[PDB]
Amino acid sequence: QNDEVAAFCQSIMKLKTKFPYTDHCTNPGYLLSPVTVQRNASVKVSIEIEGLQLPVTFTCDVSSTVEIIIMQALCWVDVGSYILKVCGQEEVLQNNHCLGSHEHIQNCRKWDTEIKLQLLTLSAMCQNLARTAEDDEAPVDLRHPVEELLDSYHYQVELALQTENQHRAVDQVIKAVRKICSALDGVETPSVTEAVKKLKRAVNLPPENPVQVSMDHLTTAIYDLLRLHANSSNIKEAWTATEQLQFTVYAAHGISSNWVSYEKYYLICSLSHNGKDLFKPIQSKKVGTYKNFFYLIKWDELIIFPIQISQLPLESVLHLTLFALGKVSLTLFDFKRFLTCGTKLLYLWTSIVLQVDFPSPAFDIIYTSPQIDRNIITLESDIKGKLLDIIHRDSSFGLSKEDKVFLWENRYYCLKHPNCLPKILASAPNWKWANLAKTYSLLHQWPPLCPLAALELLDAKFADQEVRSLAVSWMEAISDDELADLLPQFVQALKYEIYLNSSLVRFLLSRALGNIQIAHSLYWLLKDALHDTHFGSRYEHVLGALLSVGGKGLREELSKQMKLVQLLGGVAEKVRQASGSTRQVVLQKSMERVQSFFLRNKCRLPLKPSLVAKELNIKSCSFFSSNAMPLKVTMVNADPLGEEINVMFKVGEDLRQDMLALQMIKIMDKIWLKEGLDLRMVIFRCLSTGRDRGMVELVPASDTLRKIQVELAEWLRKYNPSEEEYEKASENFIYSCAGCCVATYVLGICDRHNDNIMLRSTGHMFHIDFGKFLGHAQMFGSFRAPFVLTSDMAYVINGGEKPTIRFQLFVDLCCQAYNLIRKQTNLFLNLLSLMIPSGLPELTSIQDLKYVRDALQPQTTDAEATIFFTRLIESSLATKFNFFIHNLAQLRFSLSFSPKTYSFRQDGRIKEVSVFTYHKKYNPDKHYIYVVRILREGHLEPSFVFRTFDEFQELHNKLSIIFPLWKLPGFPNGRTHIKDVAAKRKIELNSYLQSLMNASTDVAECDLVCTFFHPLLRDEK
Ligand SMILES: Nc1ccc(-c2ccc3ncc4ccc(=O)n(-c5cccc(C(F)(F)F)c5)c4c3c2)cn1
């Protein structure tokens, strides 16, 4: 453990060299203003400049870079020294990026607020975060209780040398050993047990004495126990070793008195590679409790696994579950690729330490990768024309096993499409050592693929160190700005690294050192990720490495933010206590502790670190009247240019779900305006600051549909009086609502009522609550409304209670958005998949991802999808239309009347078959069902099945594909009556069956025939 941690710490010290504090690029000391490249105007900008009372105000064209805008400003009053920052926000604009790229400018242009920038030199910029010379210079880090017990042991041995009273002295020796074991988590190695029993016997049995030699064996056995407990400090290759994988589970040490009270204990042993087990788990023998010094659970059972060491892949790990008291996991190869050998002491937690003895040969077995093939590589049509359809496939989910085997065979012909490599690697048949030569030699010549698509290669299914490393190598093509918004997926992807010092963690630390915003985001994500029981330890280690590398300035700022979070936590929790008028008083009394630490502590806002705070505005700060009792905190800005900071802070409810929902919506808007569709969406942030509590970005001049109801078109009219301004404010409503519609369906957020739908003064619509964000199955399976579009919301669409051209436009926008998200189904699925391990409710199963995919209809053509979504909108506006759309949506995502196939070897052969009688049925249609009498071989009692003439027709047509028409009997083809035709068809079908079961043995024993006569729900009663 600590040897792996030392290696990790060394590699961190190496990583710090490429980021010296002297380089301003890697260590600016300030946040950069996040930018999103938008496809396809001028606006007014006020730029503060040094020496002038009033800022310079002028119209600045958006296309122009920031550099030329600085040069434009310099005219009214060193080139590299001047930079532009946002007024009241400690975030600097990008130098070589256009103005309308930055989130702050685009937010300002959608909101319609004055752009306030400040031109200043790098010297004048606050850099309290900048990593100093001491930080860069310092080492990376993340008292001894047994020394005295060893001293006492050696002293008791020195006294034992006196032959006056040997027995006496030896007793105090043995007692010393007891205390040592008790201190070492209670671990008594069998070497010590045998050494103490040998000592007792060598003392009782009177150039060496028997007491001296047996005591020298004690010392040896204790120091060997220490070597194992600390786990600190002739080479055969792994693919040579033909030995079976085996180890000897010894005992669990330092057991509590409460355990002896559970009758018997046993372990379940599993071996896994890319997440899924390799073989059925192996149980251990059930044993009670053994006693020598302490109470233990002695097993001493060899466990052998049906594979050789050669077969073992590098990333293979051994799981031992205790009986579900605790689960331990051990990597069969260490971080240095040496195969686990000798005794191993594993740590388990309950409401403790497991000794596992691995074979310790004289020679150390190490694992090594195969050499590179270096082949470095003929086109054939039709098969190509078809293969292109399989590379066109959305993802690896929409692939049949036959498609996978066909794709893997035409492997080297897909070198012209890098983004399908996850489809190839998920279509790889085997993961054997000999086949790795081919795959690795392919990957090393494989052209780098889109970093968004490289997320897929970071899931558990692609847990090969070389694949992961290449994935991380290709990931270094994204902007930090694009990364930050994907960062949580990467934090959860750290779970699928068995070794601490992964490529992934190195990349994340590299990016965190290059950008404070990334480090800031990583901090809160790793903080909430510590709540994991298993990966807790790992996440502490990567967070500790981030803090130690981030410098004293950054870490001290984050420590400030942490205490601010904890104080506001305690305040918000005190409001849940009181439901009287007293509640409003408890805010001010609880504020004593909060405003006190603000004295000589300019803390940054955890939700938006660019904002700095001095103190609170008691008059402004109020509660929120719901069930969670959230608090809006109005903090005065430290920069007098900046406006007051309104932020919500919630306790009791889990925000992890909200965060994921909002990240999805943000990425939807991103990919929308990445193609040139700007549905002017409302993007509000949210930060899980701990355990079911965190900060929420507040939206000014916005209320829910309940508060507007108690007072819709009149609300917007109040804020936009002019009918000119009103129609322009309604245009915003159409675009925002459309974006909300496509987001609500595709995500499967169904629980849409007046309280979770919200509108702002400008007319932009946004959803706030995401309790059941991924509840797709509830919407599909049962009759939960996919989207709610109120008649009032239809009134807000230009034209009141009238068919309008603007509604057809709205539909066109909805359809265009739907298609644009359908093109990126894989990205959405990969993001959700990586966020499964978080333990978020409604995202636990792969089926949840499949449901999203089925709701996205990626196979369907854009035009057919637009028809589907238009008829969804038509529904949203009677119950009859809603139920019809429900039936067509269910039928779309989905022998006919018997899905499951059955053979005569399961149900039992048939002796006699006749059509007993015919029954008339009106439901669903006015048809005739026929009661077929079946007598099985050896069965006394006759069964019955009920089959309609259409269910017979299907069978005759199904059998005509395999068997010829001359071998099968003729099927019956107006006159008489409907009852007389049914009465004659009875006898004609009875003649057809008799002729079918006596034609030949191949026909009468076909699997379709058995299936046709198989019991179903229509047959049973
Ligand atoms: N899960 C959630 C719930 C609510 C919000 C949310 C976000 C921004 C707001 N911006 C402005 C306003 C203005 C008046 C206002 O009342 N709210 C608001 C709406 C619903 C619930 C609450 C709550 F009780 F939970 F605090 C507050 C809000 C806002 C509520 C975010 N996430």
# chains A, B, ... in the order shown; residues from 1 in each chain; ligands from 1
call {"tool": "residues_near_ligand", "arguments": {"ligand": "ligand 1", "cutoff": "8 Å", "atoms": "only C-alpha atoms and all ligand atoms", "output": "MDAnalysis selection string"}}
result
chainID A and resid 623:632 648 650 655 658 684 686 696:704 755:756 758 768:771
call {"tool": "residues_around", "arguments": {"residues": "range 257-262 of chain A", "least_positions_apart": "6", "cutoff": "9 Å", "atoms": "only C-alpha atoms", "output": "tab-separated table (two decimals) with N, CA and C atoms, in the first residue's frame"}}
result
chain	number	residue	atom	x	y	z
A	288	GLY	N	-16.66	-22.17	12.94
A	288	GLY	CA	-17.03	-21.33	14.09
A	288	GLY	C	-15.90	-20.39	14.46
A	289	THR	N	-15.42	-20.47	15.70
A	289	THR	CA	-14.37	-19.59	16.28
A	289	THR	C	-13.28	-20.46	16.91
A	295	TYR	N	-9.60	-14.67	20.15
A	295	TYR	CA	-10.67	-15.36	19.39
A	295	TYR	C	-10.53	-14.99	17.91
A	323	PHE	N	-19.42	-13.52	5.37
A	323	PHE	CA	-20.79	-13.79	5.87
A	323	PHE	C	-20.71	-14.34	7.30
call {"tool": "closest_residue", "arguments": {"among": "A:68, A:651, A:332, A:74", "to": "residue 47 in chain A", "atoms": "only C-alpha atoms"}}
result
A:74
call {"tool": "residues_around", "arguments": {"residues": "range 387-399 of chain A", "least_positions_apart": "6", "cutoff": "7 Å", "atoms": "only C-alpha atoms", "output": "ChimeraX atom specification"}}
result
/A:420,423,426,825-826,858
call {"tool": "select_by_dssp", "arguments": {"residues": "range 112-196 of chain A", "states": "alpha helix (DSSP H)", "output": "MDAnalysis selection string"}}
result
chainID A and resid 133:137 147:160 166:183 190:196
call {"tool": "atom_distance", "arguments": {"atom1": "CA of residue 54 in chain A", "atom2": "CA of residue 125 in chain A"}}
result
19.8 Å
call {"tool": "atom_distance", "arguments": {"atom1": "CA of residue 356 in chain A", "atom2": "CA of residue 247 in chain A"}}
result
6.9 Å
call {"tool": "residues_around", "arguments": {"residues": "residue 95 in chain A", "least_positions_apart": "3", "cutoff": "9 Å", "atoms": "only C-alpha atoms", "output": "list in words"}}
result
residues 65, 66, 67, 83, 84, 92 and 98 of chain A
call {"tool": "closest_residue", "arguments": {"among": "A:620, A:118, A:857, A:351", "to": "residue 88 in chain A", "atoms": "only C-alpha atoms"}}
result
A:118
call {"tool": "select_by_dssp", "arguments": {"residues": "range 509-710 of chain A", "states": "strand (DSSP E)", "output": "JSON, numbers by chain"}}
result
{"A": [613, 614, 615, 616, 622, 623, 631, 632, 633, 634, 635, 636, 637, 645, 646, 647, 648, 649, 650, 651, 686, 687, 688, 693, 694, 695, 696, 697, 702, 703, 704]}
call {"tool": "closest_residue", "arguments": {"among": "A:27, A:369, A:381, A:994", "to": "residue 433 in chain A", "atoms": "only C-alpha atoms"}}
result
A:369
call {"tool": "residues_around", "arguments": {"residues": "residue 541 in chain A", "least_positions_apart": "4", "cutoff": "9 Å", "atoms": "only C-alpha atoms", "output": "VMD selection string"}}
result
chain A and resid 5 142 500 536 to 537 545 to 546
call {"tool": "closest_atom_pairs", "arguments": {"of": "range 277-380 of chain A", "to": "range 456-465 of chain A", "cutoff": "12 Å", "atoms": "only C-alpha atoms", "output": "JSON lines"}}
result
{"residue": "A:277", "atom": "CA", "partner": "A:461", "partner_atom": "CA", "distance": 11.9}
{"residue": "A:313", "atom": "CA", "partner": "A:464", "partner_atom": "CA", "distance": 9.1}
{"residue": "A:314", "atom": "CA", "partner": "A:464", "partner_atom": "CA", "distance": 8.2}
{"residue": "A:315", "atom": "CA", "partner": "A:464", "partner_atom": "CA", "distance": 6.8}
{"residue": "A:316", "atom": "CA", "partner": "A:463", "partner_atom": "CA", "distance": 9.8}
{"residue": "A:317", "atom": "CA", "partner": "A:463", "partner_atom": "CA", "distance": 11.7}
{"residue": "A:335", "atom": "CA", "partner": "A:465", "partner_atom": "CA", "distance": 11.5}
{"residue": "A:337", "atom": "CA", "partner": "A:465", "partner_atom": "CA", "distance": 11.7}
{"residue": "A:369", "atom": "CA", "partner": "A:465", "partner_atom": "CA", "distance": 10.7}
call {"tool": "closest_residue", "arguments": {"among": "A:1014, A:327, A:16, A:986", "to": "residue 909 in chain A", "atoms": "only C-alpha atoms"}}
result
A:1014
call {"tool": "decode", "arguments": {"residues": "range 914-942 of chain A", "atoms": "N, CA, C and O atoms", "output": "PDB file, in the first residue's frame"}}
result
ATOM      1  N   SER A 914     -57.404 -33.357 -31.711  1.00  0.00           N
ATOM      2  CA  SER A 914     -58.695 -33.095 -32.400  1.00  0.00           C
ATOM      3  C   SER A 914     -59.197 -31.699 -32.027  1.00  0.00           C
ATOM      4  O   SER A 914     -58.758 -31.177 -30.987  1.00  0.00           O
ATOM      5  N   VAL A 915     -60.065 -31.116 -32.858  1.00  0.00           N
ATOM      6  CA  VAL A 915     -60.763 -29.827 -32.576  1.00  0.00           C
ATOM      7  C   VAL A 915     -62.123 -30.146 -31.945  1.00  0.00           C
ATOM      8  O   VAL A 915     -63.082 -30.382 -32.701  1.00  0.00           O
ATOM      9  N   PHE A 916     -62.203 -30.140 -30.612  1.00  0.00           N
ATOM     10  CA  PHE A 916     -63.393 -30.588 -29.843  1.00  0.00           C
ATOM     11  C   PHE A 916     -64.621 -29.768 -30.257  1.00  0.00           C
ATOM     12  O   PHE A 916     -65.570 -30.358 -30.817  1.00  0.00           O
ATOM     13  N   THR A 917     -64.594 -28.455 -29.994  1.00  0.00           N
ATOM     14  CA  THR A 917     -65.717 -27.508 -30.236  1.00  0.00           C
ATOM     15  C   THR A 917     -65.171 -26.111 -30.561  1.00  0.00           C
ATOM     16  O   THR A 917     -63.968 -25.874 -30.343  1.00  0.00           O
ATOM     17  N   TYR A 918     -66.052 -25.227 -31.044  1.00  0.00           N
ATOM     18  CA  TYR A 918     -65.759 -23.827 -31.450  1.00  0.00           C
ATOM     19  C   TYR A 918     -66.586 -22.885 -30.573  1.00  0.00           C
ATOM     20  O   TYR A 918     -67.784 -23.158 -30.370  1.00  0.00           O
ATOM     21  N   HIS A 919     -65.950 -21.829 -30.059  1.00  0.00           N
ATOM     22  CA  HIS A 919     -66.569 -20.777 -29.206  1.00  0.00           C
ATOM     23  C   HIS A 919     -66.519 -19.438 -29.945  1.00  0.00           C
ATOM     24  O   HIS A 919     -65.484 -19.152 -30.579  1.00  0.00           O
ATOM     25  N   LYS A 920     -67.597 -18.658 -29.860  1.00  0.00           N
ATOM     26  CA  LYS A 920     -67.693 -17.304 -30.462  1.00  0.00           C
ATOM     27  C   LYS A 920     -67.209 -16.273 -29.436  1.00  0.00           C
ATOM     28  O   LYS A 920     -67.694 -16.309 -28.288  1.00  0.00           O
ATOM     29  N   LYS A 921     -66.283 -15.398 -29.836  1.00  0.00           N
ATOM     30  CA  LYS A 921     -65.734 -14.311 -28.984  1.00  0.00           C
ATOM     31  C   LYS A 921     -65.866 -12.980 -29.732  1.00  0.00           C
ATOM     32  O   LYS A 921     -65.580 -12.952 -30.943  1.00  0.00           O
ATOM     33  N   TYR A 922     -66.314 -11.934 -29.029  1.00  0.00           N
ATOM     34  CA  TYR A 922     -66.528 -10.562 -29.557  1.00  0.00           C
ATOM     35  C   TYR A 922     -65.308  -9.680 -29.273  1.00  0.00           C
ATOM     36  O   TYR A 922     -65.061  -8.750 -30.058  1.00  0.00           O
ATOM     37  N   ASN A 923     -64.577  -9.957 -28.191  1.00  0.00           N
ATOM     38  CA  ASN A 923     -63.414  -9.146 -27.742  1.00  0.00           C
ATOM     39  C   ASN A 923     -62.121  -9.853 -28.133  1.00  0.00           C
ATOM     40  O   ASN A 923     -61.990 -11.053 -27.900  1.00  0.00           O
ATOM     41  N   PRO A 924     -61.120  -9.156 -28.727  1.00  0.00           N
ATOM     42  CA  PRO A 924     -61.251  -7.762 -29.158  1.00  0.00           C
ATOM     43  C   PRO A 924     -62.137  -7.595 -30.404  1.00  0.00           C
ATOM     44  O   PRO A 924     -62.849  -6.610 -30.469  1.00  0.00           O
ATOM     45  N   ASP A 925     -62.069  -8.546 -31.345  1.00  0.00           N
ATOM     46  CA  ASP A 925     -62.853  -8.556 -32.611  1.00  0.00           C
ATOM     47  C   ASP A 925     -63.834  -9.733 -32.601  1.00  0.00           C
ATOM     48  O   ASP A 925     -63.610 -10.679 -31.827  1.00  0.00           O
ATOM     49  N   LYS A 926     -64.873  -9.669 -33.438  1.00  0.00           N
ATOM     50  CA  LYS A 926     -65.926 -10.714 -33.550  1.00  0.00           C
ATOM     51  C   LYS A 926     -65.358 -11.909 -34.326  1.00  0.00           C
ATOM     52  O   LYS A 926     -65.637 -12.015 -35.536  1.00  0.00           O
ATOM     53  N   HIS A 927     -64.593 -12.774 -33.650  1.00  0.00           N
ATOM     54  CA  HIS A 927     -63.912 -13.956 -34.248  1.00  0.00           C
ATOM     55  C   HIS A 927     -64.434 -15.251 -33.616  1.00  0.00           C
ATOM     56  O   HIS A 927     -65.228 -15.170 -32.658  1.00  0.00           O
ATOM     57  N   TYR A 928     -64.002 -16.395 -34.156  1.00  0.00           N
ATOM     58  CA  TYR A 928     -64.250 -17.753 -33.607  1.00  0.00           C
ATOM     59  C   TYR A 928     -62.926 -18.370 -33.149  1.00  0.00           C
ATOM     60  O   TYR A 928     -62.001 -18.512 -33.978  1.00  0.00           O
ATOM     61  N   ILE A 929     -62.853 -18.714 -31.860  1.00  0.00           N
ATOM     62  CA  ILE A 929     -61.743 -19.511 -31.261  1.00  0.00           C
ATOM     63  C   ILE A 929     -62.167 -20.985 -31.264  1.00  0.00           C
ATOM     64  O   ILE A 929     -63.381 -21.263 -31.121  1.00  0.00           O
ATOM     65  N   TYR A 930     -61.198 -21.884 -31.450  1.00  0.00           N
ATOM     66  CA  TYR A 930     -61.398 -23.351 -31.566  1.00  0.00           C
ATOM     67  C   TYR A 930     -60.667 -24.055 -30.422  1.00  0.00           C
ATOM     68  O   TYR A 930     -59.448 -23.853 -30.261  1.00  0.00           O
ATOM     69  N   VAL A 931     -61.404 -24.866 -29.664  1.00  0.00           N
ATOM     70  CA  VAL A 931     -60.865 -25.646 -28.517  1.00  0.00           C
ATOM     71  C   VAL A 931     -60.210 -26.905 -29.084  1.00  0.00           C
ATOM     72  O   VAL A 931     -60.941 -27.759 -29.614  1.00  0.00           O
ATOM     73  N   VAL A 932     -58.884 -27.000 -28.991  1.00  0.00           N
ATOM     74  CA  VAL A 932     -58.101 -28.183 -29.452  1.00  0.00           C
ATOM     75  C   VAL A 932     -57.865 -29.096 -28.244  1.00  0.00           C
ATOM     76  O   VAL A 932     -57.336 -28.601 -27.227  1.00  0.00           O
ATOM     77  N   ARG A 933     -58.282 -30.363 -28.364  1.00  0.00           N
ATOM     78  CA  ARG A 933     -58.076 -31.454 -27.371  1.00  0.00           C
ATOM     79  C   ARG A 933     -56.748 -32.151 -27.684  1.00  0.00           C
ATOM     80  O   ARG A 933     -56.598 -32.649 -28.816  1.00  0.00           O
ATOM     81  N   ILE A 934     -55.835 -32.175 -26.711  1.00  0.00           N
ATOM     82  CA  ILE A 934     -54.483 -32.793 -26.822  1.00  0.00           C
ATOM     83  C   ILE A 934     -54.371 -33.907 -25.778  1.00  0.00           C
ATOM     84  O   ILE A 934     -54.710 -33.656 -24.608  1.00  0.00           O
ATOM     85  N   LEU A 935     -53.908 -35.085 -26.198  1.00  0.00           N
ATOM     86  CA  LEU A 935     -53.532 -36.199 -25.296  1.00  0.00           C
ATOM     87  C   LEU A 935     -52.028 -36.438 -25.439  1.00  0.00           C
ATOM     88  O   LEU A 935     -51.590 -36.777 -26.555  1.00  0.00           O
ATOM     89  N   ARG A 936     -51.283 -36.236 -24.348  1.00  0.00           N
ATOM     90  CA  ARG A 936     -49.803 -36.373 -24.290  1.00  0.00           C
ATOM     91  C   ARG A 936     -49.453 -37.850 -24.076  1.00  0.00           C
ATOM     92  O   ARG A 936     -50.322 -38.597 -23.581  1.00  0.00           O
ATOM     93  N   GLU A 937     -48.222 -38.242 -24.422  1.00  0.00           N
ATOM     94  CA  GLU A 937     -47.705 -39.633 -24.300  1.00  0.00           C
ATOM     95  C   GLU A 937     -47.511 -39.977 -22.821  1.00  0.00           C
ATOM     96  O   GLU A 937     -46.739 -39.277 -22.149  1.00  0.00           O
ATOM     97  N   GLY A 938     -48.195 -41.014 -22.336  1.00  0.00           N
ATOM     98  CA  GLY A 938     -48.102 -41.462 -20.935  1.00  0.00           C
ATOM     99  C   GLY A 938     -49.086 -40.735 -20.038  1.00  0.00           C
ATOM    100  O   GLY A 938     -49.436 -41.300 -18.988  1.00  0.00           O
ATOM    101  N   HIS A 939     -49.516 -39.529 -20.422  1.00  0.00           N
ATOM    102  CA  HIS A 939     -50.529 -38.724 -19.685  1.00  0.00           C
ATOM    103  C   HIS A 939     -51.908 -39.372 -19.847  1.00  0.00           C
ATOM    104  O   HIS A 939     -52.312 -39.609 -21.002  1.00  0.00           O
ATOM    105  N   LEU A 940     -52.592 -39.643 -18.732  1.00  0.00           N
ATOM    106  CA  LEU A 940     -53.995 -40.137 -18.713  1.00  0.00           C
ATOM    107  C   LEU A 940     -54.935 -39.003 -19.129  1.00  0.00           C
ATOM    108  O   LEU A 940     -55.712 -39.206 -20.081  1.00  0.00           O
ATOM    109  N   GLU A 941     -54.859 -37.868 -18.422  1.00  0.00           N
ATOM    110  CA  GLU A 941     -55.773 -36.702 -18.565  1.00  0.00           C
ATOM    111  C   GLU A 941     -55.424 -35.945 -19.842  1.00  0.00           C
ATOM    112  O   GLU A 941     -54.253 -35.840 -20.202  1.00  0.00           O
ATOM    113  N   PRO A 942     -56.428 -35.415 -20.577  1.00  0.00           N
ATOM    114  CA  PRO A 942     -56.179 -34.615 -21.769  1.00  0.00           C
ATOM    115  C   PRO A 942     -56.144 -33.120 -21.425  1.00  0.00           C
ATOM    116  O   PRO A 942     -56.990 -32.669 -20.681  1.00  0.00           O
TER     117      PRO A 942
END
